[PDB]
Amino acid sequence: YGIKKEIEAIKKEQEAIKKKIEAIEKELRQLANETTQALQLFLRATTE
Amino acid sequence: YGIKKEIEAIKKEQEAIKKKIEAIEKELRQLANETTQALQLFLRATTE
Amino acid sequence: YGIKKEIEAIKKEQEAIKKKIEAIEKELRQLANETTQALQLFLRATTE
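Protein chains in written order, with the entry's author numbering: chain A, 531 to 578; chain A', 531 to 578; chain A'', 531 to 578. A prime marks a further copy of an entry chain.
Written as structure tokens, this is what we have:
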């Protein structure tokens, strides 16, 4: 029973980690988009 | 004993992973702040 | 055998996670470089 509960806890931790990574990927993509947009502004500005 | 040492190693790996993720979140936040600041400069420049 | 296969699966998941984190670090570094370059452009532009 003890090893079962140990393994169960570990797999709970992994699923939580996998979701943390998912959130990090989300925020990383947004940041990439924003920085691309921000650079597009500059590229628009240096033609004004 | 073998399974104990296996589980122990796995939980050592998880704690290390959790800290890696922590460091990634730190650097991601800094990068977001810097990019916001960098864009704020531009927004300041196109009013000069 | 069951616990062995469980532990084996968990360690497979950890290696996959470690590589996901590796890819995230790669993309995070690139993004930092690009944002630095993008800001360098602006710093070049406001001297023209």
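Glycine included, each C-beta is placed from N, C-alpha and C at the ideal position.
Environment of residue i [buried if 16+ CB atoms lie within 10 Å]
i           : result
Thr565(A'') : buried
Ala539(A)   : exposed
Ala568(A')  : buried
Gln570(A')  : exposed
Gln544(A')  : buried
Simplified DSSP assignment, three categories, for residue i
i         : result
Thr566(A) : helix
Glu578(A) : coil
Neighbouring residues, chain A'', relative to residue i (Cβ below 8 Å)
i         : result
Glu555(A) : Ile554
Contact list for residue i against chain A, beta-carbon separation under 7 Å
i           : result
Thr566(A'') : The premise fails here: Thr566(A'') is roughly 11 Å from chain A at the closest Cβ pair, so nothing lies under 7 Å.
Closer than 7 Å at the beta carbon, the chain A' residues around residue i
i           : result
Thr576(A'') : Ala575
Interface partners of residue i on chain A'', CB under 7 Å
i         : result
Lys541(A) : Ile540
Cross-chain neighbours of residue i in chain A', by beta carbon under 8 Å
i           : result
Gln544(A'') : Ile540, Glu543, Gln544, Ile547
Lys534(A)   : Ordered by position in chain A', no residue passes the 8 Å Cβ test against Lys534(A), which lies about 11 Å from the chain.
Contact between the segment 543-556 of chain A'' and the segment 548-567 of chain A': three or more CB pairs below 8 Å?
Counting C-beta pairs with one atom in each stretch, the segment 543-556 of chain A'' and the segment 548-567 of chain A' have three or more that are closer than 8 Å, which means they touch.
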